[PDB]
Amino acid sequence: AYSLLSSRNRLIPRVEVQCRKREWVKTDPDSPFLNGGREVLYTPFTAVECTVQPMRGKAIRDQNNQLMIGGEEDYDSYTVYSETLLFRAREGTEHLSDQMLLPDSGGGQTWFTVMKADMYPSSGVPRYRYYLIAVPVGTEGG
Amino acid sequence: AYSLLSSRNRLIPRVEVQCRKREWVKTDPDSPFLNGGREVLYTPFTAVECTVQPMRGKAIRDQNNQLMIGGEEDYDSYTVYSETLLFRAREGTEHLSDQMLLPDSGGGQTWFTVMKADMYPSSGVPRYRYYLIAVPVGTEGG
Amino acid sequence: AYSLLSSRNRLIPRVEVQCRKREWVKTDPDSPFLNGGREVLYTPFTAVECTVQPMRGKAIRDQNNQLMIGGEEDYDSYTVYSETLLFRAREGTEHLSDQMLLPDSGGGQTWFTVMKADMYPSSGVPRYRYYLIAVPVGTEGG
Amino acid sequence: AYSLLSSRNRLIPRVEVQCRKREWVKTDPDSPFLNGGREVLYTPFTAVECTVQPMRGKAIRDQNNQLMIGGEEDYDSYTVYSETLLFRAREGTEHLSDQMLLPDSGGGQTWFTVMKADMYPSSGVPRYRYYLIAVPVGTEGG
Amino acid sequence: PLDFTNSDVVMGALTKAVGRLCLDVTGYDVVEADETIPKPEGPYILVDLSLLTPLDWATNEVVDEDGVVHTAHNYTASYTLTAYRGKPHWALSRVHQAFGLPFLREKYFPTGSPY
Amino acid sequence: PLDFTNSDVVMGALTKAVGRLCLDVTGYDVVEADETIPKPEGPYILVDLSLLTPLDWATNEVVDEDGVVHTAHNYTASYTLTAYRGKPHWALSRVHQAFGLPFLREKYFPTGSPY
């Protein structure tokens, strides 16, 4: 079985990041809809150690500021290697996708939503790879 | 003839997985259709030793949770190397494609349906490669 | 001139396969058409030694069982290296493309029709590469 | 932690470049619009050391002079490695994307606008990569 | 006690009526779009309920013994037929002409039927 | 004992009627779409039965001796012709004018024929 990869690295620096779980709930008392007035509940936590890297190409959809008919919108993304388990959304449930807070190109800090998670069930070592997309500015995603 | 590849590996860990065969049957007594009320019959079994790996890219159709007009649907897939023979569906028959149970990105376990099987008839060694797609949530595939 | 490649290999196993030539004929006595009631005439033979390999990718058109509006159709293909000469169809003639019998993903055996043949006239050694597509289930091709 | 990359190179020559920050302001007293008569405010500065390189391919959109129905328009771009932090535009604000002055294919000098900025937050060393597009001739961009 | 046949019954029985008449005339085999199966062997026909159109205003009202009201609406259902081998164009045509044969219709489309 | 010629006979004989008149006028060679063969040598014509339209209500009813009923329906079949070499436009035109020549038609479209 794997031995070296089953232990923490000692050459490349790694950092911890903050995250938060997400659910949703219905608030309207009389509306007949599952949506109602949707609300999201958060529960914070942290990842043991992570590595953050940017997109490699220069494709038009990967550029940071984009020109739309309204104005120069904003976009960011990352690829993350981590030893913590993060989950995407699951259907027929009230759980949403986990989010984690990282620096952006504008100098601030914003939340990124997990979109793709990679796992190797037959190997055993707990090492994962994630792909993240920054939440739209002015909202908390979906 | 091949010798080394005709024996089980001794460096990379391998695991066994569970599977199940699938047929179908007509139930309606009076309906004139081959479909009738379709039913599927199962017969379980296991694979001797297997290796599971995820998709390598980040293409939009390979992401786990997808945004549709209804809601954040679910999708998963794998690539599997195995020494057991699994069969796809064959036309003009009552046999369906084999399925096997593997872990998913949401933390649960679900059935994956064999879609592509690779064989090397001229080599002799029984080593195969499969490509699997997770069954739609809430159903048993087709 | 080439020497080593002008002799049979002694490390990689090779197998022989069966084939059959194909012509066509008109049967209707009064129909004014070249087609008439078409018939195909066969003459069997074998290839001296061959190697069979499957398609390398996972493109949607290379998958084995395909979902159509009628039902889960069937598809297979191969790449073959051989030291026998096989011919495709030639226009203005009554000769059709050669076919050869190989195992499929459903566990049976079916006929594959030669579609692309590669030759190196300036080299001299008789080594060829072919690309084959399985005949539609329930018919004898065209 | 990284040591060698945390210091300035001593084999490849590097140069400094000039830049300028950009904001915008409304001038019309009575117009009800956020746009008003837009104006841009500049504040110059310089980058510590930079490397400039051109696009690698020959794709039709990367050629310098382009034929349009009006006349042979002009286009240029670059890829820059630098140890200074430059920012793109941020929404809901009055800040615009930074620009920097570089030589062009026509022998002159023109302003390039930052479009994509790459950062490695988990590594620590302050080394960045930018992608720039020349401002349209006769205007100051947007 | 004043019962009837609601929409669900009529709609489901119309498919089977079409299925039997196609089988009994053309001699081909029949299959629906509702569930997918590996493609059968030999010529066969596929049946699908592509579209359904309503007519706005109800044509009749039947009052139960206790006062409950049952409302009746006219509709038009369109079925898409596809024949897959043999002489498919010949097969479909014989289905068309079948509706002109009196005895054959009476088996599946008796007078007073809801379609 | 009161027999007839069903749809299958008429439909199949119409193709051959078109095939012979094309061969006998233009001098080209003829081929159908039903089965595929390597492309012939020299100019030739391709025949296809692209489309077929029914007419709703039967025009005649013939009662057998024992009471069985035979129903007759009007149709319209459309054939797509394609000429592949030589002067194809000239070849097709001569097919058009052939239907105006009296003696030539009588060979293949005799009075009383079902098409």
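The rules we used
- Residues numbered from 1 in each chain as written, not as in the entry; some residues may be left out.
- Chains lettered and ligands numbered in written order.
- Part of a larger assembly, values for the part shown.
- Heavy atoms only, no water.
- Helix = DSSP H or I, 4+ residues; strand = E, 2+ residues; numbered from the N terminus.
- Rg over C-alpha atoms; globule rule 2.2 N^0.38 Å.
- Buried < 20%, exposed > 50% of the residue type's maximum accessible area, 1.4 Å probe, protein only.
- Contact = heavy atoms within 4.5 Å.
- Buried area = accessible area lost by both parts, 1.4 Å probe.
- Salt bridge = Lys/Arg side-chain N within 4 Å of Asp/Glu carboxyl O.
- Nonpolar A, V, L, I, M, F, W, Y, C, P; charged D, E, K, R; others polar.
- Pairing = 2+ DSSP bridges.
- Axes fitted to C-alpha atoms, helices over the stretch in contact; angles between N-to-C directions.
- Parallel < 35°, antiparallel > 145°, perpendicular 65-115°, else oblique.
- Left-handed = near helix turned anticlockwise from the far one by under 90°.
- Least-squares fit on C-alpha atoms.
- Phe/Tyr/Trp six-rings, centres within 6.5 Å; stacked < 30°, edge-to-face > 60°.
- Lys NZ or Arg CZ within 6 Å of the ring centre and 35° of its normal.

Caption draft 1: Seen up close, the overall build of chain E. The helix and strand inventory of chain E stands at three helices and five strands. Counted from the first residue to the last, chain E has its helices and strands arranged as α-β-β-β-β-β-α-α. Relative to the 2.2 N^0.38 estimate, which gives 13 Å for 115 residues, the radius of gyration of chain E is 17 Å and therefore markedly larger than a compact globule would have. With respect to the principal axes defined by its C-alpha atoms, chain E has extents near 55 × 35 × 25 Å. Residues counted as buried form 30% of the 115 residues belonging to chain E. Sequence separation of at least 24 residues holds for 57% of the intrachain contacts in chain E that already meet a minimum separation of 6.

Caption draft 2: Molecular detail of the environment of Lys39(F). In this fold, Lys39(F) is placed in the loop between β1 (29–32) and β2 (44–54). Classification of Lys39(F) by relative accessible area gives partly exposed; the value is 35%. Not counting residues up to four positions away in its chain, the partners in contact with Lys39(F) are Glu91(C), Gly92(C), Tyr44(F), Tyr84(F) and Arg85(F).

Caption draft 3: Representation of the interface of chain C and chain E within the structure. With eight residues of chain C at the interface, the matching set in chain E holds eight residues. With both sides pooled, the region where chain C packs onto chain E buries about 580 Å², and carbon together with sulfur makes up 56% of that total. Per-residue buried area on chain C facing chain E is highest for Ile69(C), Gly70(C) and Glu72(C); these three make up 57% of the total on that side. Put simply, chain C and chain E have zero salt bridges between them. Tallied by class, residues from the side of chain C that touches chain E come to three nonpolar, three polar and two charged.

Caption draft 4: Layout of the interface of chain B and chain A. Listed as interface residues are 25 residues of chain B and, on the opposing side, 22 residues of chain A. Of all residues in chain B, the largest losses of buried area upon contact with chain A belong to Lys58(B), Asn65(B) and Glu72(B), amounting jointly to 26% of the total for that side. Counting across the interface, chain B meets chain A through three salt bridges. One salt bridge connects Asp76(B) with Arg88(A), and the closest N-O pair in it is separated by 3.6 Å. Broken down by secondary-structure element, the contributors of at least two residues to the side of chain B that touches chain A are β2 (42–53) and β4 (72–74) of chain B. By residue class, the composition of the side of chain B that touches chain A is nine nonpolar, eight polar and eight charged.

Caption draft 5: Structural context of the pattern of salt bridges. According to the stated counting rule, one finds 44 salt bridges over all chains in the structure shown. Here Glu140(B) makes a salt bridge to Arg20(B), at a shortest N to O gap of 3.7 Å. Pair noted here: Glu140(B) is in the segment after β8 (128–134) and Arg20(B) is in strand β1 (residues 15–22), with a separation of 120 residues, a long-range link. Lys116(C) is paired through a salt bridge with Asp118(C); the nearest N and O atoms lie 3.1 Å apart.

Caption draft 6: Structural view of the arrangement of the chains. These two, chain A and chain C, are apart from each other, with no contact and a minimum C-alpha gap of 19 Å. Taking C-alpha atoms as the reference, chain B and chain D come no closer than 19 Å and do not contact one another.

Caption draft 7: Examining the sheet that holds strand β5 (residues 77–82) of chain A more closely. Residues and elements named next belong to chain A. Pairing is antiparallel around the closed barrel formed by six strands, whose spatial order is β1-β2-β5-β8-β7-β6. When the angles between neighbouring strand axes are averaged without regard to direction, this sheet yields 50°. The sheet contact formed by strand β7 (residues 109–118) and strand β8 (residues 128–134) spans six bridges and is antiparallel. In the strand pairing of β8, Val114 is matched with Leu132.

Caption draft 8: Local environment of the packing of helix α1 (residues 7–26) of chain F against helix α2 (residues 88–98) of chain F. Residue and element names in this part refer to chain F. Closest axis-to-axis distance for the α1/α2 pair is 9 Å, and the angle between their directions is 115°. Classified by the angle their axes make, α1 and α2 are roughly perpendicular. Here α1 and α2 pass one another in a crossing that is right-handed. Of the residues in α2, those touching α1 at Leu21, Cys22, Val25 and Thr26 are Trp90, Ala91, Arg94, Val95 and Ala98. Broken down by class, the residue content of the contact of α1 with α2 amounts to seven nonpolar, one polar and one charged.

Caption draft 9: Representation of the relation of the copies chain B and chain A. Overlay of chain B on chain A (RMSD 0.0 Å): rotation 60°, translation along the axis 0.0 Å. Taken together, the turn and the small shift mark the pair as related by a six-fold rotation axis. Of all interface residues in chain B, a mere 4% are interface residues in chain A too; the two copies therefore contact each other through different surfaces.

Caption draft 10: Geometry of the packing of aromatic side chains. In the structure shown here, the tally under the stated rule is 16 aromatic pairs over all chains. Geometrically, the ring pair formed by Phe99(F) and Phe109(F) is edge-to-face, given 5.8 Å between the ring centres and 70° between the ring planes. Of this pair, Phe99(F) sits in the loop between α2 and α3 (102–108) while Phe109(F) sits in the segment after α3; the two residues are 10 residues apart in sequence, bridging distant segments of the chain. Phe99(F) gets classed as partly exposed once you look at its relative accessible area, which sits at 40%. Linked through ring pairs, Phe99(E), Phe109(E) and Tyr115(E) together constitute an aromatic cluster. Taking NZ or CZ as reference, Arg90(A) lies 5.9 Å from the ring centre of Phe87(A), over its face.

Caption draft 11: Up close: the pairing of strand β3 (residues 60–63) of chain E. All names here are of chain E. Bridge count for β3 against strand β4 (residues 69–72) is four bridges, and the pairing is antiparallel. By the bridge assignment for β4, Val63 is matched with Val69. Hairpin geometry of β3 and β4 is characterised by an intervening segment of five residues between the two adjacent antiparallel strands and by a positive phi of about 115° at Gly67.

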